[PDB]
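So that the names make sense, note that chain A is the first sequence line, chain B the second, and so on, each numbered from 1. As the structure lists them, so they are numbered: ligands from 1, and atoms in each ligand from 1. All values below come from the heavy atoms of this structure, side chains included, with hydrogens, waters and symmetry mates left out.
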Protein chains: 4
Amino acid sequence: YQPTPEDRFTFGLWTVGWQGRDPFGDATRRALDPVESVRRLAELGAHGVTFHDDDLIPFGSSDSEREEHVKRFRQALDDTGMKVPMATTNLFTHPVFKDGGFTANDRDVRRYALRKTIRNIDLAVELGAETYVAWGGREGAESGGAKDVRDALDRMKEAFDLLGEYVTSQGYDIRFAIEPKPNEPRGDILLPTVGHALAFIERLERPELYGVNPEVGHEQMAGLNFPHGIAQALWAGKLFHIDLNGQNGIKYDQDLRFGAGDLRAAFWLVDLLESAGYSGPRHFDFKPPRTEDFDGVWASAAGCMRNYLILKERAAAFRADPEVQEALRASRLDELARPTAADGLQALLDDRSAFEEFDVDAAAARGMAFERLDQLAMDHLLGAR
Amino acid sequence: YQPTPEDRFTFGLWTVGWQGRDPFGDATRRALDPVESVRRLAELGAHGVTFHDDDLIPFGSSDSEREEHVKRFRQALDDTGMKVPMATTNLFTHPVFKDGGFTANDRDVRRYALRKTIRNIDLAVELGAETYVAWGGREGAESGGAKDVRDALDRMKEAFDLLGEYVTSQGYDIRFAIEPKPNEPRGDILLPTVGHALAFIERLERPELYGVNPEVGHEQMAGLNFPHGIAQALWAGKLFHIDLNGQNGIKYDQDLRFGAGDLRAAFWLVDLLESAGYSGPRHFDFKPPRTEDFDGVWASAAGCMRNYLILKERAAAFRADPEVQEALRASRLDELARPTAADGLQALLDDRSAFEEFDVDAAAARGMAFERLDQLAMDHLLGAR
Amino acid sequence: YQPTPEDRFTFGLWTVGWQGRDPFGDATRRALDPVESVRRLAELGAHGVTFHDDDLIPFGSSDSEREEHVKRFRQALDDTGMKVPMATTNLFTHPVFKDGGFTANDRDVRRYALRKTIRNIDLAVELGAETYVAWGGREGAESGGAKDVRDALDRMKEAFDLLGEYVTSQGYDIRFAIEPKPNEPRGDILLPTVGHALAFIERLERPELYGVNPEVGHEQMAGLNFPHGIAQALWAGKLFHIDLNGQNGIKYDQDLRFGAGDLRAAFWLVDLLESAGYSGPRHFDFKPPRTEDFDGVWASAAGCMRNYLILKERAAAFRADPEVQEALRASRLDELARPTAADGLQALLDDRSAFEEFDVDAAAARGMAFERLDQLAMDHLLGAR
Amino acid sequence: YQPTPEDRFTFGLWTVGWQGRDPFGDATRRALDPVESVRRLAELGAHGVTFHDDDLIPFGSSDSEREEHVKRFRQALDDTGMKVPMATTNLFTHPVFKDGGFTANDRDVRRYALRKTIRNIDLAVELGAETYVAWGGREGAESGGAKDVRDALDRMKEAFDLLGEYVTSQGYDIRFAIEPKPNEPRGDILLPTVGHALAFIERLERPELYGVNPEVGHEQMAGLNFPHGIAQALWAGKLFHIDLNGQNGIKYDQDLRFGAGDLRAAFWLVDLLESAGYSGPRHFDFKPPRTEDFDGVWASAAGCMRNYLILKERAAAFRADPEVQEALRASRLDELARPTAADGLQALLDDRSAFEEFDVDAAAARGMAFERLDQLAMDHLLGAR
Ligand SMILES: OC[C@H]1O[C@@H](O)[C@H](O)[C@@H](O)[C@@H]1O
Ligand SMILES: OC[C@H]1O[C@@H](O)[C@H](O)[C@@H](O)[C@@H]1O
Ligand SMILES: OC[C@H]1O[C@@H](O)[C@H](O)[C@@H](O)[C@@H]1O
Ligand SMILES: OC[C@H]1O[C@@H](O)[C@H](O)[C@@H](O)[C@@H]1O
Ligand SMILES: [Mg+2]
Ligand SMILES: [Mg+2]
Ligand SMILES: [Mg+2]
Ligand SMILES: [Mg+2]
Ligand SMILES: [Mn+2]
Ligand SMILES: [Mn+2]
Ligand SMILES: [Mn+2]
Ligand SMILES: [Mn+2]
């Protein structure tokens, strides 16, 4: 289960670089030079890294410092062959963003947030990024009167439309991916789930430029089924990017390494991504627990990749097993993929076998055989057949 | 705080008619004649009732029985002046729907579910309903292999498109409202939230025919902010109907009377509905607890209406208070409603006060004053100023 | 992974016998004769069955009917070799228990609940049960004024003390196990968790007669760590019985087959039970989903046993692996088992290496190596080393 | 609703002193001199403040600095009349505590944690504290193998027994209160709820020295009913202290001002505390949101006190209302307070009206009238009768 770059595994600079500061604790690890992270991740078999503007260039840097930080970063990519498929803006750390970025009540902050993002889009395009992610972690509220949500969605649409106008006017190929999160650090965050983000996108001026970057832990933070939400994003044609990690149910954002947390949901996610032929980066947005030293950071990163590859093998064995293929037919998954009424409405209305002469009790008595199917899946996941 | 029919309060036959059967207990109350519910609700000041097909006509009824049930029902509406603004199909009680209705794996069940709905749409139009609600309570799964969600969404789109084709071919004015629910009775239910339903609707053949019927308890069952989700539905122009009740956080669907559960969220919901000028029915989808006798059923129904009216008065006093209007300006809610960059992208890019000369520390040091605003709201809710 | 009776796997009559009625649906399966369940479970390798009084003898039965039901049941145990290690009272289904049994506000109901339990304790002793379980599923409330909780705990202590007085006066060996549940069917249930039940027991007249019967899904329904709670019950010497099943986080009580739901927590539970040498029944309190027919019921029951045995093998391989034993030392699990200050308080107060000369930064810089340990556990669970 | 010191309102130095650093954001406010907090809180009507050792004396301070910090603090208490009823140890911020304090796997860290606490107990006694709080925020784990919970509970019992041995050997009157929390910053925290802490205390060498310091938000973080848990703590005689704040369901620890979050649960909490005659400090453990400036900090603190006083008035009006007293009798709250079987077990066994001649259907048909009672409570809370 050794990763190679063709597996497309990517890591944020902020993941292995996390110093371990949490709400109740100081840092447990020194800061990492982005150059060293690139080298250490390449040695593990990663394909690429991603960054926030302020991860790569310290906030407030001068032009000459900015140029030296990028030049050092570019040399580490050249030395390793690592790519930069995705980038994003930090619109959450600085105190100026305390009431939001694009939806801050203060107009001058909203304008500043847009300028900060536009500057980093240029940098991301230069480094080769195909996707620009927006995480509105500060867009939201802790109380009901502090944010008019219809007004905030107006401001959010304006911000995204202007960013779409900007990349069009430069002839950039980059697309945007919205990363939903239901809460934390705000009491409730706007566009809290995959669904809310997909619905918002359909009201933008150029919807085709925008998709979702769903994160395993963020949907599980709302108790939602992450493979189900990914399926709806695939159905809509909007899975531009994905964040992989682990999460133990409804609580603070844990960002455990992928495969920790809900192991079965991870299996069904990997099964769906491979079956659907998702071709984007397999991006890990995780935090090595602050109990770990620097050797534990890299063990945690390696674990993400390994667990993905183990699940990929087991899911593929599951789908290829003729006994599973037989069980899927017994459970009528083939019938689910058949059109309900390709004969059309009138034919359905006149079809007496659909109502007047439908034997509802005979239909009701037919078991679905889902438990035998699910136990075959569990045996395949555990390597027990 | 006495309701009148112009307040547009509506109740499902299945709410005050609930016999008190739960997963662990037998019925604690006798069944109610729909006629008596209409009379008792009218006496309380309700505007109308809603129904499932099988609430009004017992499942399996003959044509002559069906006609007598409707004739009795119609006479109770005539005697009281009560309206029927909304109707829906029971696609969840009969064992034939155990794997779903529109997305059942068995094609013959999906066709039957469509025919059952189409039959009731006719009845609902005859009784005057403006909205037909779809609650896919059985569309979902308890295990990952039992439902391919992309296939199920294909079947769901087909079902809704055919229903839209049907009402168009009859020249009906009725529109559809999807009622989301994240789980129960299925382990996870498809279109689990307001957002997922809004996103799905945008892929239907005629999206303008479909909106959402969000329920307070269903979004709170996912830990989501119900006023926020209602705001996004209003923003999208899709709040066709609403279900009001109470719910104590993330657990089984409690269906408490409106105002119980999260009292502050109820206040902010009523504030939003009145401020936005929502003109649909104020529909209560609640269950009088099975501890109650028939007198407790009607006290519970009266409580729903009363609590709405109390919250309506307090929210209106909050918005009209000049000290609150002053606090809203101090918190820059006026600036949130102003366009971020009506001067356009180029002007924003050249505006040095948006970036090069933006004093980020002065902006960051400005408090939002949200706590004083929120305490004014709490004083208004409690009648303590 | 074939179970045998020496594995001590037990099932409630109400589990495989569940007809599939849920809050929104009618039964999908016919009722089962308890005799047939005993035979079918024995054929699967089960050790025993458990029952509610009303599972074995239909409520309201005459003495002659009661005797024939028991005689038939006893013959099925004799024919199979199955045991009856545990029994319990149904104090939740009949409408008389709608406000509780032992803590019903109506005193005459509380007295009836006690008499109903005492009658079944006699029957359980006759059938050989070692444990009598109390599940106060109706003890609780949906609103704050309806139950004074200090008064209710007074009544609950009185009920349990009287039951302890009863079994002592008959010279019975049977002990009581309280089964906690945080909510459902009541809005909140008294003694909601393992901890609350353990604390309550310490106030009973004869605490040694009472322990806990924790259920996987019930603690996960509160977002709690079930292996952690089992550990505290073992630490207190109170794990008299256990209910095994699966549950997907915070939502209604799913009662999935064991191993479904949180697979990793199931692994750590089995590891703890085997390491601690728990010698009680491995009891499954699960519901075959109502999508299943009778063949799916037995496949689901077999899956419970199989998954336990797979996890038992993987946990044992994990603990016996010398590389894991090395990682546990690296993570200082050996030091955790050493007394903190066996030298005593004064020696600790005078030990300068505990404070004045403790190198806090050197200690802080030592990584715990938990991630490498946890990835070894994951590799062992998945069969990937 | 103006607080006075006889209302016993207390605040942690760390509450109004919180600089606004969260997992995703830098500080939004400057640090506060503890002296200024004492003065500002006294001016608001507070009775007292509480502290962590490291709140009052910066970590690593020399003896002469330590003495000057305390002397300044003591003068602010003398100038204001403020008391210090409670103190606690910071065993969570420094990286040395990253795997816990009393239950850290490293023995030398456990010994250091004990010495750090013992030093602060001396200081707390000098300042007059009656309660010493233990919050084991780092005692726990993110993975299953990293902590043997039976071993950790052994170490926790040893730590608490040694602290009890220490205060006894000095003749101190101070008692200990354990503050439970289910998760955050650890994935799961040991003794996660009021119940688990009460059960643990009963295994300590001198149980009478230890009680609980429950926090509104911490039990709600597990979806539990906080008034119910407080009632069980009162029933056990262990409510030594309480932390008041607000929390919106199951998510990260919000620490909103008291009264925000679940308003009805706050009402029932205040009703219970006043009815039970709780005489300890009404301590607020809250964080003014980081959107606020220093004026918003004090408005937030004032709001805590005001909301408590409003709820106190409404709860008292509720209990004194003769129509409520009539409804409580109708709902048989009087019968709940009556002993179930003061006639004894034998008399119960021979009482034919408890079983043989109990009319179960007549009992079942009697409604509890809980909804009318609960609507009276809601009318009293809202000032709407
Ligand atoms: O892409 C933006 C990223 O910013 C991070 O700091 C957030 O915590 C992530 O959830 C997000 O993926
Ligand atoms: O509109 C359909 C209705 O069916 C009911 O039985 C469900 O429980 C409701 O949530 C829903 O509103
Ligand atoms: O032991 C009593 C049993 O009664 C069942 O019907 C409950 O649902 C179980 O959780 C419990 O184990
Ligand atoms: O008493 C100890 C205190 O430490 C704080 O920093 C925790 O966040 C509180 O929950 C706790 O009350
Ligand atoms: Mg992310
Ligand atoms: Mg509804
Ligand atoms: Mg159970
Ligand atoms: Mg606290
Ligand atoms: Mn995250
Ligand atoms: Mn509902
Ligand atoms: Mn259960
Ligand atoms: Mn807290």
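- Ring geometry for B/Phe92 against B/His52 counts as perpendicular: the plane angle is over 60°, on a 0 to 90° scale with 30° as the lower cut.
- In this structure, the ring of B/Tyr210 has its center less than 6.0 angstrom from the ring center of B/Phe176.
- Under 4.0 Å from ligand 2, not a single heavy atom of B/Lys181 appears.
- With B/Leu198 as the fixed residue, the side chain to side chain contact (heavy atoms under 4.5 Å, CB included) test singles out one of B/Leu191, B/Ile178, B/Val212, B/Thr193: B/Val212.
- In this structure, the ring of B/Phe24 has its center no less than 6.0 angstrom from the ring center of C/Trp14.
- Less than 6.0 angstrom separates the ring centroid of C/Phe9 from the ring centroid of C/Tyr308.
- Side-chain N/O atoms of B/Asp285 and B/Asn245 include no donor and acceptor closer than 3.5 Å.
- Within B/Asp253, the N, O or S atom at minimum distance from the Mn ion (ligand 10) carries the name OD2.
- Not a single N or O atom of C/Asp255, backbone or side chain, sits closer than 3.5 Å to an N or O atom of ligand 3.
- By the 3.5 Å distance cut-off applied to N or O atoms, B/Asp285 is counted among the residues near ligand 2.
- The atoms of ligand 2 that sit less than 4.0 Å from any heavy atom of B/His218 are 10 (O).
- Taking 2.8 Å as the threshold, B/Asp285 does not count as a candidate ligand of the Mn ion (ligand 10), since none of its N, O or S atoms lies below it.
- Atom NE2 is the N, O or S atom of B/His218 at the shortest distance from the Mn ion (ligand 10).
- In terms of distance to the Mn ion (ligand 10), the nearest N, O or S atom of B/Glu215 is named OE2.
- Figure legend: cation-pi geometry between C/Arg175 and C/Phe240, with NZ or CZ positioned under 6.0 Å from the six-membered ring centre and within 45° of its axis.
- Taken from CD1 in B/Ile242 to CD in B/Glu215, the straight-line distance is 10.0 Å, to the nearest 0.5 Å.
- At the top of the distance list for atom 2 (C) of ligand 3, counting protein heavy atoms only, stands C/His52 NE2, 3.5 Å.
- Classification of the B/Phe59-B/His94 ring pair by plane angle, with boundaries at 30° and 60°, yields tilted.
- Of the protein's non-hydrogen atoms, the one nearest atom 8 (O) of ligand 3 is B/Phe24 CE2, 3.3 Å.
- Results of the side-chain hydrogen bond (donor to acceptor under 3.5 Å, both in side chains) test with C/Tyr132 over C/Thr89, C/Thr117, C/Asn213, C/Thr88 single out C/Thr89 as the only residue that passes.
- For atom 6 (O) of ligand 3, the nearest non-hydrogen atom from the set C/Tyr132, C/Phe92, C/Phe51 belongs to C/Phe92.
- Shown in contact with C/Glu215 at under 4.0 Å from a heavy atom are these atoms of ligand 3, numbered in order with element: 10 (O).
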Assess whether salt bridge (charged side-chain N to carboxylate O under 4.0 Å, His left out) is satisfied between C/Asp253 and C/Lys181, documenting all intermediate values. CA-CA 9 Å; C/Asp253 189 26; C/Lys181 189 178 185 186; 3.2 Å; yes

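- Closest to the Mn ion (ligand 10) among the N, O or S atoms of B/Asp255 is OD1.
- Note: an N/O pair closer than 3.5 Å links B/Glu179 and ligand 2 by distance alone.
- Geometrically, ligand 2 and B/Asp243 share a nitrogen or oxygen pair separated by less than 3.5 Å.
- At a heavy-atom cutoff of 4.0 Å, ligand 2 is contacted by no atom of B/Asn90, backbone or side chain.
- Of the N or O atoms in B/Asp253, none lie within a sub-3.5 Å distance of an N or O in ligand 2.
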